[PDB]
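Source file query06.csv; content: CSV, C-alpha atoms.
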chain,number,residue,atom,x,y,z
A,1,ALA,CA,0.0,0.0,0.0
A,2,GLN,CA,1.1,3.6,0.0
A,3,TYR,CA,0.5,4.1,3.7
A,4,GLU,CA,1.9,1.1,5.6
A,5,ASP,CA,1.8,0.1,9.2
A,6,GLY,CA,5.4,0.4,10.4
A,7,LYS,CA,6.2,3.0,7.8
A,8,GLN,CA,4.4,6.4,8.2
A,9,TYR,CA,2.8,5.2,11.4
A,10,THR,CA,2.8,2.3,13.8
A,11,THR,CA,-0.2,0.6,15.5
A,12,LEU,CA,-0.7,0.4,19.2
A,13,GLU,CA,-1.0,-3.3,20.4
A,14,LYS,CA,-3.1,-1.9,23.2
A,15,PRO,CA,-5.5,0.7,21.7
A,16,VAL,CA,-6.8,3.4,24.0
A,17,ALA,CA,-10.6,3.7,24.3
A,18,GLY,CA,-12.1,7.1,24.5
A,19,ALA,CA,-8.9,8.8,23.5
A,20,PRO,CA,-8.8,12.3,22.0
A,21,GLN,CA,-9.2,12.4,18.2
A,22,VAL,CA,-5.8,13.9,17.5
A,23,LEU,CA,-3.5,13.8,20.6
A,24,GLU,CA,-0.1,15.4,20.5
A,25,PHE,CA,2.6,15.2,23.2
A,26,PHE,CA,5.5,17.6,23.6
A,27,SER,CA,8.1,19.0,26.1
A,28,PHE,CA,9.6,22.5,26.1
A,29,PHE,CA,12.9,20.7,26.7
A,30,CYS,CA,12.4,18.6,23.5
A,31,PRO,CA,14.6,19.8,20.6
A,32,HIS,CA,12.5,18.2,17.8
A,33,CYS,CA,9.4,19.7,19.5
A,34,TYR,CA,11.0,23.2,19.1
A,35,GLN,CA,11.4,22.5,15.4
A,36,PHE,CA,7.8,21.1,15.2
A,37,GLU,CA,6.5,24.4,16.7
A,38,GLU,CA,8.8,27.2,15.4
A,39,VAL,CA,10.1,25.9,12.1
A,40,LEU,CA,7.6,23.3,10.9
A,41,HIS,CA,4.3,24.5,12.5
A,42,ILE,CA,3.1,20.8,12.4
A,43,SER,CA,0.0,21.3,14.6
A,44,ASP,CA,-1.3,24.1,12.5
A,45,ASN,CA,-0.7,22.3,9.2
A,46,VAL,CA,-2.4,19.2,10.5
A,47,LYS,CA,-5.4,21.3,11.6
A,48,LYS,CA,-5.6,22.8,8.0
A,49,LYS,CA,-6.0,19.3,6.6
A,50,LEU,CA,-8.3,17.9,9.2
A,51,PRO,CA,-12.0,17.5,8.4
A,52,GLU,CA,-15.3,18.6,9.8
A,53,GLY,CA,-15.1,19.2,13.5
A,54,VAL,CA,-12.0,17.3,14.6
A,55,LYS,CA,-10.7,18.4,18.0
A,56,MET,CA,-6.9,18.6,18.4
A,57,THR,CA,-5.4,18.1,21.8
A,58,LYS,CA,-1.8,18.9,22.8
A,59,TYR,CA,-0.3,17.8,26.2
A,60,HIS,CA,3.1,18.4,28.0
A,61,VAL,CA,5.1,15.6,29.6
A,62,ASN,CA,7.1,15.3,32.8
A,63,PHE,CA,9.9,12.9,31.8
A,64,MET,CA,12.2,15.6,30.5
A,65,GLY,CA,13.9,18.3,32.6
A,66,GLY,CA,13.3,16.9,36.1
A,67,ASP,CA,11.7,19.4,38.5
A,68,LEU,CA,11.3,22.1,35.8
A,69,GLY,CA,9.7,19.6,33.5
A,70,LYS,CA,6.9,19.1,36.1
A,71,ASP,CA,6.6,22.9,36.6
A,72,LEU,CA,6.2,23.2,32.8
A,73,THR,CA,3.4,20.6,32.7
A,74,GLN,CA,1.6,22.6,35.4
A,75,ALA,CA,2.2,25.8,33.5
A,76,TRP,CA,0.8,24.3,30.3
A,77,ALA,CA,-2.3,23.3,32.3
A,78,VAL,CA,-2.6,27.0,33.3
A,79,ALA,CA,-2.2,28.0,29.7
A,80,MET,CA,-4.9,25.5,28.7
A,81,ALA,CA,-7.3,26.6,31.5
A,82,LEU,CA,-6.8,30.3,30.5
A,83,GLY,CA,-6.7,29.7,26.8
A,84,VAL,CA,-3.4,31.4,26.3
A,85,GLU,CA,-1.5,28.6,24.5
A,86,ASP,CA,-0.8,30.7,21.5
A,87,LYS,CA,0.7,33.4,23.6
A,88,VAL,CA,3.2,31.5,25.7
A,89,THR,CA,4.3,28.5,23.6
A,90,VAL,CA,6.9,30.4,21.6
A,91,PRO,CA,8.5,32.4,24.6
A,92,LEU,CA,8.5,29.2,26.7
A,93,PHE,CA,10.4,27.3,24.0
A,94,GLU,CA,12.9,30.1,23.5
A,95,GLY,CA,13.2,30.7,27.2
A,96,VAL,CA,14.0,27.0,27.8
A,97,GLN,CA,16.1,26.2,24.7
A,98,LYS,CA,17.3,29.4,23.0
A,99,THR,CA,18.1,32.1,25.6
A,100,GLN,CA,18.1,29.7,28.6
A,101,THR,CA,16.4,32.3,30.9
A,102,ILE,CA,14.0,29.8,32.3
A,103,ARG,CA,15.5,28.1,35.4
A,104,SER,CA,12.6,28.3,37.9
A,105,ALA,CA,8.9,28.3,38.2
A,106,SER,CA,9.2,32.1,38.8
A,107,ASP,CA,10.9,32.4,35.4
A,108,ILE,CA,8.0,30.5,33.8
A,109,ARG,CA,5.6,32.8,35.5
A,110,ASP,CA,7.5,35.8,34.1
A,111,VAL,CA,6.8,34.5,30.6
A,112,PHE,CA,3.0,34.6,31.3
A,113,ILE,CA,3.3,38.1,32.9
A,114,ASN,CA,5.1,39.5,29.9
A,115,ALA,CA,2.5,37.9,27.6
A,116,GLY,CA,-0.1,39.9,29.4
A,117,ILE,CA,-1.7,37.4,31.8
A,118,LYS,CA,-2.2,39.1,35.2
A,119,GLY,CA,-0.3,38.0,38.3
A,120,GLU,CA,-3.4,37.3,40.4
A,121,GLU,CA,-4.9,35.5,37.5
A,122,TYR,CA,-1.8,33.4,36.9
A,123,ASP,CA,-1.3,32.5,40.6
A,124,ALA,CA,-5.0,31.7,41.2
A,125,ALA,CA,-5.0,29.4,38.1
A,126,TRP,CA,-1.6,27.9,39.1
A,127,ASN,CA,-3.1,26.9,42.5
A,128,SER,CA,-6.6,26.0,41.2
A,129,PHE,CA,-8.0,22.4,41.4
A,130,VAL,CA,-9.2,22.8,37.8
A,131,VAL,CA,-5.5,23.1,36.9
A,132,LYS,CA,-4.7,20.1,39.1
A,133,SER,CA,-7.3,17.9,37.2
A,134,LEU,CA,-5.8,19.2,33.9
A,135,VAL,CA,-2.3,18.2,35.1
A,136,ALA,CA,-3.8,14.7,35.9
A,137,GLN,CA,-5.3,14.5,32.5
A,138,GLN,CA,-2.0,15.2,30.8
A,139,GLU,CA,-0.3,12.5,33.0
A,140,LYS,CA,-3.1,10.0,32.4
A,141,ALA,CA,-3.1,10.4,28.6
A,142,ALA,CA,0.7,9.9,28.5
A,143,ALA,CA,0.5,6.9,30.8
A,144,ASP,CA,-2.3,5.4,28.7
A,145,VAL,CA,0.2,4.9,25.8
A,146,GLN,CA,3.4,4.2,27.7
A,147,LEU,CA,5.0,7.3,26.3
A,148,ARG,CA,8.8,7.4,26.5
A,149,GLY,CA,9.3,9.9,23.7
A,150,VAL,CA,8.3,13.2,22.3
A,151,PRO,CA,7.3,14.7,19.9
A,152,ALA,CA,4.5,12.1,19.5
A,153,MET,CA,1.1,12.2,17.9
A,154,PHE,CA,-1.7,9.6,18.3
A,155,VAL,CA,-4.8,9.3,16.2
A,156,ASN,CA,-8.0,8.0,17.8
A,157,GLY,CA,-5.9,6.3,20.4
A,158,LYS,CA,-5.0,3.6,18.0
A,159,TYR,CA,-2.3,5.0,15.6
A,160,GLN,CA,1.0,6.7,16.3
A,161,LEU,CA,2.8,8.9,13.7
A,162,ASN,CA,6.2,7.7,12.7
A,163,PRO,CA,8.2,10.7,11.2
A,164,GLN,CA,11.4,8.7,11.1
A,165,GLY,CA,9.8,6.9,8.1
A,166,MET,CA,9.1,10.0,6.0
A,167,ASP,CA,11.3,12.2,3.7
A,168,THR,CA,13.4,15.0,5.3
A,169,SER,CA,15.4,16.6,2.5
A,170,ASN,CA,12.6,19.1,2.2
A,171,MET,CA,10.9,20.6,5.3
A,172,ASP,CA,7.7,21.5,3.5
A,173,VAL,CA,7.3,18.1,1.9
A,174,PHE,CA,7.9,16.5,5.3
A,175,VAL,CA,5.1,18.6,6.9
A,176,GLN,CA,2.6,17.8,4.1
A,177,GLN,CA,3.4,14.1,4.3
A,178,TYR,CA,3.0,14.3,8.0
A,179,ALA,CA,-0.4,16.1,7.8
A,180,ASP,CA,-1.7,13.9,4.9
A,181,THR,CA,-0.8,10.9,7.1
A,182,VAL,CA,-2.8,12.3,10.0
A,183,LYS,CA,-5.8,12.8,7.7
A,184,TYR,CA,-5.4,9.3,6.3
A,185,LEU,CA,-5.4,7.8,9.8
A,186,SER,CA,-8.3,10.1,10.7
A,187,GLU,CA,-10.5,8.5,8.0
A,188,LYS,CA,-9.3,5.0,8.9
Before anything else, please render the file you have as structure tokens.
Amino acid sequence: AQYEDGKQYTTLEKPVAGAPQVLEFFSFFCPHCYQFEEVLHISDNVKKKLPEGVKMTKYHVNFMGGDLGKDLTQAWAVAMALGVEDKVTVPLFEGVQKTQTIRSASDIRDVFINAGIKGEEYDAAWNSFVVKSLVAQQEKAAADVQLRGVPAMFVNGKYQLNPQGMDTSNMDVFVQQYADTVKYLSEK
């Protein structure tokens, strides 16, 4: 076939019931994730090729960056609760990997403040039980697929994108192949 299990994707031996339609996992410590966001804009290009009403979910993971990794998963939960993902994603990536100005939870907070989220509003969210459940959700979903690597994308809790098996001489061709694969898996 043109799309083969084990080539542009792999199949989970243990499919995940009730999983989000399109589920992406990343870490702000993850170098290919930085590329996926800043240079390739994967999420957005998948969205553009997805059908009628497909929700896209993106979660942060704990297994990179020790104590700051966990802070970042809580911060992403805040970002999700407040709906400010598109305002903090880039400065968090650059703060962790480019300028290396993020070294504590307080530095993460500074990113939100400078993006215009208010102190009170950040601190209340940070401490809210709604953000706690949201952190739980991120951990659960990663745990449901035994995730030991990022970036990762899962479709309908049954298929996992395999970018290693796609062409990388051309960045744009890579992204389109990636997105076309998500759409193929979507209609599977």
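Residues in contact with stretch 98-106 of chain A at 10 Å, where all atoms listed in the file are counted and same-chain residues fewer than 2 positions away are skipped, are listed as residues 34, 67, 68, 69, 70, 71, 72, 74, 75, 91, 92, 93, 94, 95, 96, 108, 109, 110 and 111 of chain A.
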Interatomic distance (Å, one decimal) between atom CA of residue A:149 and atom CA of residue A:63: 8.7 Å
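The space between atom CA of residue A:25 and atom CA of residue A:152 spans 5.2 Å.
Distance annotation: of A:130, A:54, A:153, A:113, the residue with the minimal separation from residue A:88 is A:113; atom set is all atoms listed in the file.
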Residues within 6 Å of stretch 175-186 of chain A, all atoms listed in the file, excluding chain neighbours under 3 positions, as a list in words: residues 46, 50 and 172 of chain A
Separation of atom CA of residue A:143 from atom CA of residue A:162 in Å: 19.0 Å
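Residues in contact with stretch 9-14 of chain A at 7 Å, where all atoms listed in the file are counted and same-chain residues fewer than 2 positions away are skipped, are listed as residues 5, 6, 7, 16, 158, 159, 160, 161 and 162 of chain A.
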Print the selection's residues with C-alpha atoms to a file, as a PDB file, in the coordinates of the input.
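The resulting file, result.pdb, is shown below:
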ATOM      1  CA  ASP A   5       1.800   0.100   9.200  1.00  0.00           C
ATOM      2  CA  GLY A   6       5.400   0.400  10.400  1.00  0.00           C
ATOM      3  CA  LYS A   7       6.200   3.000   7.800  1.00  0.00           C
ATOM      4  CA  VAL A  16      -6.800   3.400  24.000  1.00  0.00           C
ATOM      5  CA  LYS A 158      -5.000   3.600  18.000  1.00  0.00           C
ATOM      6  CA  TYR A 159      -2.300   5.000  15.600  1.00  0.00           C
ATOM      7  CA  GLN A 160       1.000   6.700  16.300  1.00  0.00           C
ATOM      8  CA  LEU A 161       2.800   8.900  13.700  1.00  0.00           C
ATOM      9  CA  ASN A 162       6.200   7.700  12.700  1.00  0.00           C
TER      10      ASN A 162
END
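Nearest residue to residue A:86, choosing from A:154, A:37, A:166, A:65 and counting all atoms listed in the file: A:37.
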Residues within 12 Å of residue A:134, all atoms listed in the file, excluding chain neighbours under 6 positions, as a VMD selection string: chain A and resid 58 to 60 73 to 82 125 to 128 140 to 141
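Restricting the calculation to all atoms listed in the file, the smallest distance between residue A:51 and any of A:21, A:138, A:27, A:170 is found for A:21.
Among the candidates A:118, A:47, A:87, A:132, the one nearest to residue A:24 when counting only C-alpha atoms is A:47.
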Protein, DNA and RNA residues within 7 Å of (-6.9, 17.9, 20.7), all atoms listed in the file, as a PyMOL selection string: chain A and resi 20-23+55-58
Output C-alpha atoms for every residue in that selection, as an mmCIF file, in the frame of the given file.
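selection25.cif, freshly written:
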data_model
loop_
_atom_site.group_PDB
_atom_site.id
_atom_site.type_symbol
_atom_site.label_atom_id
_atom_site.label_comp_id
_atom_site.auth_asym_id
_atom_site.auth_seq_id
_atom_site.Cartn_x
_atom_site.Cartn_y
_atom_site.Cartn_z
ATOM 1 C CA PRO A 20 -8.800 12.300 22.000
ATOM 2 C CA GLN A 21 -9.200 12.400 18.200
ATOM 3 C CA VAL A 22 -5.800 13.900 17.500
ATOM 4 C CA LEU A 23 -3.500 13.800 20.600
ATOM 5 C CA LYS A 55 -10.700 18.400 18.000
ATOM 6 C CA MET A 56 -6.900 18.600 18.400
ATOM 7 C CA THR A 57 -5.400 18.100 21.800
ATOM 8 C CA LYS A 58 -1.800 18.900 22.800
#
Fix up stretch 13-24 of chain A with N, CA and C atoms, then write it as a JSON list (two decimals), in the frame of the given file.
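Written output follows (out-v3.json):
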[["chain", "number", "residue", "atom", "x", "y", "z"],
["A", 13, "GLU", "N", -0.54, -1.93, 20.00],
["A", 13, "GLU", "CA", -1.00, -3.30, 20.40],
["A", 13, "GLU", "C", -2.10, -3.20, 21.41],
["A", 14, "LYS", "N", -2.15, -2.08, 22.12],
["A", 14, "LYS", "CA", -3.10, -1.90, 23.20],
["A", 14, "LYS", "C", -3.78, -0.57, 22.98],
["A", 15, "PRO", "N", -4.79, -0.58, 22.09],
["A", 15, "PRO", "CA", -5.50, 0.70, 21.70],
["A", 15, "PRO", "C", -6.18, 1.30, 22.89],
["A", 16, "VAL", "N", -6.25, 2.63, 22.86],
["A", 16, "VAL", "CA", -6.80, 3.40, 24.00],
["A", 16, "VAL", "C", -8.18, 3.92, 23.70],
["A", 17, "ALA", "N", -9.15, 3.29, 24.36],
["A", 17, "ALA", "CA", -10.60, 3.70, 24.30],
["A", 17, "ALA", "C", -10.77, 5.13, 24.75],
["A", 18, "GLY", "N", -11.71, 5.82, 24.10],
["A", 18, "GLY", "CA", -12.10, 7.10, 24.50],
["A", 18, "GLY", "C", -11.05, 8.19, 24.43],
["A", 19, "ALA", "N", -10.00, 7.88, 23.68],
["A", 19, "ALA", "CA", -8.90, 8.80, 23.50],
["A", 19, "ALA", "C", -9.25, 10.00, 22.68],
["A", 20, "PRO", "N", -8.59, 11.15, 22.91],
["A", 20, "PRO", "CA", -8.80, 12.30, 22.00],
["A", 20, "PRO", "C", -8.57, 11.92, 20.54],
["A", 21, "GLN", "N", -9.28, 12.59, 19.63],
["A", 21, "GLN", "CA", -9.20, 12.40, 18.20],
["A", 21, "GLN", "C", -7.77, 12.51, 17.66],
["A", 22, "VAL", "N", -7.20, 13.69, 17.86],
["A", 22, "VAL", "CA", -5.80, 13.90, 17.50],
["A", 22, "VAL", "C", -5.08, 14.42, 18.81],
["A", 23, "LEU", "N", -4.18, 13.58, 19.30],
["A", 23, "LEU", "CA", -3.50, 13.80, 20.60],
["A", 23, "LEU", "C", -1.98, 13.96, 20.38],
["A", 24, "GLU", "N", -1.47, 15.15, 20.65],
["A", 24, "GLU", "CA", -0.10, 15.40, 20.50],
["A", 24, "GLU", "C", 0.63, 15.60, 21.85]]
